Amino acid sequence: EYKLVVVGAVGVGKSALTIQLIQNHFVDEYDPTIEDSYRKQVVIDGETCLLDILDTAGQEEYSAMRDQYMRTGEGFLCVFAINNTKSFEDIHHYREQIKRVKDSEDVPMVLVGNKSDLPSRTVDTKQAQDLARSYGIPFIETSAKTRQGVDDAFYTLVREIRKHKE
Amino acid sequence: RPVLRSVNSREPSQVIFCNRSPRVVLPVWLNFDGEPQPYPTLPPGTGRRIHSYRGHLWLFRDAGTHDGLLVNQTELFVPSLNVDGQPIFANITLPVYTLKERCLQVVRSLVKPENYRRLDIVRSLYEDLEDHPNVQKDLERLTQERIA
Amino acid sequence: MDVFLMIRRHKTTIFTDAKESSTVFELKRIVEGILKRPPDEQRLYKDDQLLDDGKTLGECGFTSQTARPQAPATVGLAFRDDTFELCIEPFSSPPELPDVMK
Amino acid sequence: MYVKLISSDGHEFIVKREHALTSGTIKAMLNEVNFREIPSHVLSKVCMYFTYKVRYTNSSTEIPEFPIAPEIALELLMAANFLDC
Ligand SMILES: Cc1ncsc1-c1ccc(CNC(=O)[C@@H]2C[C@@H](O)CN2C(=O)[C@@H](c2cc(OCCCCN3CCCN(c4nccc(-c5noc([C@@]6(C)CCCc7sc(N)c(C#N)c76)n5)n4)[C@@H](C)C3)no2)C(C)C)cc1
Ligand SMILES: Nc1nc2c(ncn2[C@@H]2O[C@H](COP(=O)(O)OP(=O)(O)O)[C@@H](O)[C@H]2O)c(=O)[nH]1
Ligand SMILES: [Mg+2]
């Protein structure tokens, strides 16, 4: 039973990548308002697990309630769109709020660049990997329509989670 | 509205917390309503890069004793806005405690609070000894000192 | 660099501060203005060895790392009309640690 | 300028004027002072505090902890209480 959490600015495709992971397709316009957690069961690296993916959405709320719920997460998945610069810029802010609720400098996360399918690029693959070095995180480029990497990210995140419990 | 509070500037200001004490530091943020919110601690000698915002008020305490620490030779820290992304530095340091407050510190770390009254000391000291540093009472005093 | 020291002789300990670049002699006269005694009549003994007036405070073994304000390094003093005498008398000793502080 | 502080035991601790002025109780009393309730061991660390208070007050850089050994702590607390420093 691992509890995952998917965050990133609206538009990157947090709902897109999650549905592909579970339902295995690619909704081309999932509502950007709805937030839901999906429970799936899979055998990751020989461990028949259960991944509860919480697909986050909505406006910022720094209440004691959204923090407590977000703190339940054991590994986070800060996605960003490689055609949206802001998405990347805001990555800093997403990482930092996670640090605070998890009460540590050390927290299980992996960056994820979604929408690699798209032709034009603003954020180049290069800067993302090096920023990931600045943090300690595996970077994984991903595509929600081509489905590439979708699984690895969602798996490598849980590898880190298992590592944290050692 | 409290006088010791942070301002919701929503303006990022990258700051360095640098623990130059031998105490485990507990950085405290005073929220927009003035209430003290703790944050992750810092071992002795440790330096960490913190994301905070302009106008935000911090104070720093021994994590276990809640004893008082200083930052930049004053007791509060409020970052300005950054200049050319130069980080704002926050050097935390033991203040010079009075020999009496030092001695209360040591004796509280060696005897549990039940055995204060079994010590061969004048009874004023028992009242002092169980007067543990409390941050809520240092805000009350600090706010009143903003008399300036 | 500042060095912090306490100069003991008989039952008398002087709490003065001097610079590592200060010479034992210059120090012998730091007792000149308080103990009222000549620098050619004073014998300063770091531990059981003695000191050439020329030696600077540091070489004798007095660095900031071991002559700090919160624990000044100690410096014996011996006083002469013809023959020099040393002897520091110990301080009081604390009571046995109470059990509640253990 | 200097002051002589005498312990109950009889040791005479000679430390600069301002250093002793660190003590509120030794400020109201003041060119020589005796104490009959403070042993030689407590007054020594007492005086050591005086030099530490004066070197490191309003220091911008970092300050080192004032050590107190467990055996002398309680007696030191009292002297501190009585001495008002
Ligand atoms: C390591 C360490 N060692 C010793 S200490 C220490 C340490 C550890 C952590 C830190 C982190 N620093 C702070 O805590 C600093 C320090 C002090 O200054 C106060 N403070 C603050 O952040 C304070 C503050 C923030 C602020 O925001 C002004 C800028 C905001 C402006 N907005 C504009 C809109 C776009 N957009 C946005 N749009 C929608 C959603 C989100 C979002 N964002 O998150 C989350 C998610 C869903 C993500 C998952 C995690 C959690 S959780 C939780 N509830 C969440 C939520 N809703 C989340 N979605 N974002 C942001 C990128 C930028 N104004 O005041 C409050 C919030 C606490 C600092 C030091
Ligand atoms: N080309 C491309 N488009 C995507 C991808 N993922 C999502 N989209 C589109 O971009 C938006 C993603 O929506 P959604 O998943 O709701 O983003 P959310 O805002 O993160 O919830 C939708 O307009 C999708 O049609 C992707 O990997 N590639
Ligand atoms: Mg959505």
Side-chain angles (χ1 to χ4, degrees), chain B residues 16-25 42 44-47 60 62 64-65 67-75 77 89-111 115-117 119-131, chain D residues 3 5 7-8 13 15 18-26 28 33 35 38-70 72-85:
Chain B
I16 289 171
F17 281 171
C18 176
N19 173 1
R20 304 306 311 169
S21 75
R23 316 304 204 61
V24 177
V25 164
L42 303 188
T46 170
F60 301 87
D62 179 305
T65 70
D67 291 357
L69 294 193
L70 297 183
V71 48
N72 294 352
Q73 313 327 95
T74 175
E75 285 143 56
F77 175 87
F89 203 92
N91 188 85
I92 302 176
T93 81
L94 284 176
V96 58
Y97 307 104
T98 78
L99 174 62
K100 169 162 158 230
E101 185 56 34
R102 182 74 184 117
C103 281
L104 303 160
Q105 274 175 15
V106 175
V107 175
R108 294 187 196 110
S109 75
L110 294 190
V111 326
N115 309 353
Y116 291 166
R117 324 284 209 151
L119 286 152
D120 234 25
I121 54 179
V122 65
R123 316 194 78 242
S124 140
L125 291 182
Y126 300 134
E127 277 220 304
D128 296 354
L129 278 157
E130 42 200 40
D131 197 15
Chain D
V3 166
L5 288 81
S7 68
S8 61
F13 300 83
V15 54
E18 219 288 324
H19 288 30
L21 296 180
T22 307
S23 179
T25 285
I26 296 202
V33 175
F35 295 85
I38 304 175
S40 301
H41 69 337
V42 181
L43 185 72
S44 61
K45 190 84 176 186
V46 156
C47 268
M48 284 163 58
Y49 178 90
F50 292 145
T51 59
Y52 169 76
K53 184 139 206 164
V54 190
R55 171 64 151 79
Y56 294 109
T57 292
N58 208 42
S59 199
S60 318
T61 205
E62 94 201 62
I63 284 144
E65 200 140 69
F66 185 82
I68 294 198
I72 193 191
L74 259 57
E75 321 186 76
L76 189 50
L77 172 49
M78 296 262 293
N81 184 59
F82 169 80
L83 273 143
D84 186 62
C85 70

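Side chains included, hydrogens not; waters and symmetry mates left out as well; all remaining heavy atoms used. In what follows, chains are A, B, ... by sequence order, proteins preceding strands, each numbered from 1.
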Which distance, rounded to the nearest 0.5 Å, do you find between the CG of B/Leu94 and the CD of D/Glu65?
5.0 Å
Could you tell me which portion of B/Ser124 (side chain, backbone, both or neither) has an atom closer than 4.5 angstrom to a non-hydrogen atom of chain D?
side chain
Please find the pair of heavy atoms, one from B/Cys103 and one from D/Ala73, that lie closest to each other, and give the distance.
SG-O, 4.1 Å
One should read off an interatomic distance between D/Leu77 CG and B/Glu101 CD, to the nearest 0.5 angstrom, of 10.0 Å
Heavy-atom nearest pair, D/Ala80 first then B/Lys100, reads CB-CA, 3.6 Å
Nearest heavy-atom neighbours spanning B/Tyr97 and D/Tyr49:
O-OH, 2.6 Å
Report the distance from atom CG of D/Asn81 to atom CD1 of B/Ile121, rounding to the nearest 0.5 Å.
9.5 Å
Can you name the ring-ring contact (aromatic ring centres under 6.0 Å, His included) partners of B/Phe60, sequence neighbours left out?
B/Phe17
Who among B/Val96, B/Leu104, B/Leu129, B/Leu99 has the most heavy-atom pairs with chain D under 4.5 Å?
B/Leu99
Indicate yes or no for a side-chain donor-acceptor contact from D/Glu62 to the backbone of B/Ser21 under 3.5 Å, with no hydrogens or angles considered.
no
Taking only residues two or more places apart in sequence, or in another chain, which ones meet D/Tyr56 in a ring-ring contact (aromatic ring centres under 6.0 Å, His included)?
D/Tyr52
Show your working on side-chain contact (heavy atoms from CB on, under 4.5 Å) between B/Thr98 and D/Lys53 and close with a plain yes or no.
CA-CA 8 Å; B/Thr98 78; D/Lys53 184 139 206 164; 4.0 Å; yes
Name the region of D/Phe66, side chain, backbone, both or neither, that has any atom closer than 4.5 Å to a heavy atom of chain B.
both
